[PDB]
């Protein structure tokens, strides 16, 4: 049901100097969403997959594995929707591989999901 209310606890339970790697799609902060939403949900999917593998599945209490896994599932549904609707052949460039703080990584995450809630040319320079 598009759920945060669990992201804040994850961020509070992740080291604030831990660098989460993400292939940031350039211009996600300026261009209209149809230009980057698809690519970004896919990149978030890859990063969450990579992130989840860094924890163990604690089953009782605050579990980072649990929250990340839940987030991964939400994104899989987003990738399904975006993919099974994207414009043919989606060749700008292959996203800037950057590392982000958990707070930063997850702010980007929220901005992408938010972008979905309103998903109804793409040039830079």
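Positions refer to the first chain, counted from 1.
Novice: What number of deposited residues lacks coordinates in the span between residue 90 and residue 91: none, 1 to 3, 4 to 9, or 10 or more?
Specialist: Gap between residue 90 and residue 91: 1 to 3 unmodelled residues.
Novice: Missing residues between residue 120 and residue 121 in the deposited sequence, please: none, 1 to 3, 4 to 9, or 10 or more.
Specialist: Per the deposited record, the segment joining residue 120 and residue 121 lacks coordinates for 4 to 9 residues.
Novice: Of 93-101 and 25-33, which one has the bigger average CA B-factor?
Specialist: Result: 93-101.
Novice: Which has the higher mean CA temperature factor in the PDB entry, 77-85 or 63-71?
Specialist: The entry gives the higher C-alpha B-factor average to 77-85.
Novice: Lowest, middle or highest third: where is residue 14 by C-alpha B factor in its chain?
Specialist: Lowest third, going by the recorded CA B-factors of the chain.
Novice: Splitting the chain's C-alpha B-factors into thirds, which one does residue 106 fall into?
Specialist: Bottom third by C-alpha B-factor.
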